[PDB]
Amino acid sequence: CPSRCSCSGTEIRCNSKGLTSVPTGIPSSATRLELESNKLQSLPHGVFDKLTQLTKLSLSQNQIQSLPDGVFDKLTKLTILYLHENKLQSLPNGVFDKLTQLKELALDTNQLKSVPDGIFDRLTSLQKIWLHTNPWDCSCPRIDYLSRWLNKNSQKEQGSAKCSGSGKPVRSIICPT
């Protein structure tokens, strides 16, 4: 068990510990990992690669600005992914592609202006998504995939994503073609 964590069974919790980096001794048998309310601002590439049995990963309330490419690729059993209340300015192409079992993905309260096209397409088990409190860029070509995807997957949205500037719903926007 890592120094600032509490390990109960295969559940690893290291919340509100003023952590500045991901703990180094996380066992590979971990099924749940929570690193909430710390001081993380970045993540090393491949940092969670050995945590293949993880069903839940939560990094809410930190100051992460970007994600390493393929940072979630080895976490194929992930059912819950919380990334809200951070400072994300963008998402890597297909970062969620290998998560075919993901049910919950929280991305609210960050600094996202846009997301890559088709970023949620592979999420076949998705039930809930949080996208609110982000300065979405509702200019057209850019917001086209999101407004459309949000409209079709209406029932999964927790809260309501709003356009930066006008405050209008991202789903109220229809792009030109």
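Focus: the overall build of the protein
Across its full length, the protein carries one helix and eight strands. Against the globule reference of 16 Å for 177 residues, the protein gives a C-alpha radius of gyration of 16 Å, in line with a compact fold. Each of the three principal axes of the protein carries a C-alpha extent, and together these read 55 × 30 × 25 Å. Expressed as a percentage of contacts within the protein between residues at least 6 apart in sequence, the contacts between residues at least 24 apart total 47%. The average position of the 22 basic charges and that of the 15 acidic charges among the side chains of the protein differ by 3 Å.

With respect to the environment of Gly167
With respect to the element layout, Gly167 can be found in the segment after strand 8 (157-158). C-alpha separation for the pair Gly167 and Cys138, spaced 29 residues apart in sequence, amounts to 10.0 Å.

Some details on the side chain of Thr79
Within the secondary structure layout, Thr79 lies in the loop between strand 4 (56-58) and strand 5 (80-82). Not counting residues up to four positions away in its chain, the partners in contact with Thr79 are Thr55, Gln101, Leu102, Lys103 and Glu104.

So, the pattern of salt bridges
Summed over all chains, the structure comprises five salt bridges. Across the pair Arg148 and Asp144 runs a salt bridge, and its minimum N-O distance is 3.3 Å. Of this pair, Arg148 and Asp144 both sit in helix 1 (residues 140-152), separated by four residues, roughly a single helical turn. Among the residues examined, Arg148 registers a relative accessible area of 48% and is labelled partly exposed. Residue class for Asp144 comes out partly exposed when judged on its relative accessible area of 25%. Through salt bridges with shared partners, a single ionic network connects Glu11, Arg13, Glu34 and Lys56.

Thoughts on the state of the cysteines
As enumerated under the stated definition, the model contains four disulfides in all. Across a sulfur-sulfur distance of 2.0 Å, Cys5 and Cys14 are joined as a disulfide pair. Looking along the S-S bond of the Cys5-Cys14 disulfide, the torsion reads about 95°, which is the right-handed sense. We classify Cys5 as buried; its relative accessible area is 12%. The class of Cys14 is buried, set by a relative accessible area of 0%. Shown here is the disulfide that connects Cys140 with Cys175, its sulfur atoms set 2.1 Å apart.

A word on unusual backbone geometry
Located in the positive-phi region is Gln61, a residue other than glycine, with phi close to 60°. By secondary structure assignment, the location of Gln61 is in the loop between strand 4 and strand 5. Backbone geometry at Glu85 places phi at a positive 65°, although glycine is not the residue there. Residue position: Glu85 is located in the loop between strand 5 and strand 6 (104-106).

Observations regarding the side chain of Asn62
Examined against the element boundaries, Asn62 turns out to sit in the loop between strand 4 and strand 5. At 3.2 Å, the side chain of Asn62 and the backbone nitrogen of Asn38 are in polar contact. Of the polar contacts made by the side chain of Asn62, one reaches the backbone oxygen of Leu59; its length is 2.8 Å. In this structure, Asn62 is in contact with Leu35, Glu36, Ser37, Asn38, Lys39, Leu40, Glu85 and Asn86, ignoring residues within four places of it in sequence.

Conventions we followed
Residues numbered from 1 in each chain as written, not as in the entry; some residues may be left out. Heavy atoms only, no water. Helix = DSSP H or I, 4+ residues; strand = E, 2+ residues; numbered from the N terminus. Rg over C-alpha atoms; globule rule 2.2 N^0.38 Å. Contact = heavy atoms within 4.5 Å. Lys, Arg positive; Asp, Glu negative; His and termini not counted. Charge placed at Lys NZ, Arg CZ, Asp CG, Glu CD. Salt bridge = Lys/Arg side-chain N within 4 Å of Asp/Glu carboxyl O. Buried < 20%, exposed > 50% of the residue type's maximum accessible area, 1.4 Å probe, protein only. Disulfide = S-S within 2.5 Å. Polar contact = N/O pair within 3.5 Å; in protein donor to acceptor, adjacent residues only side chain to side chain.

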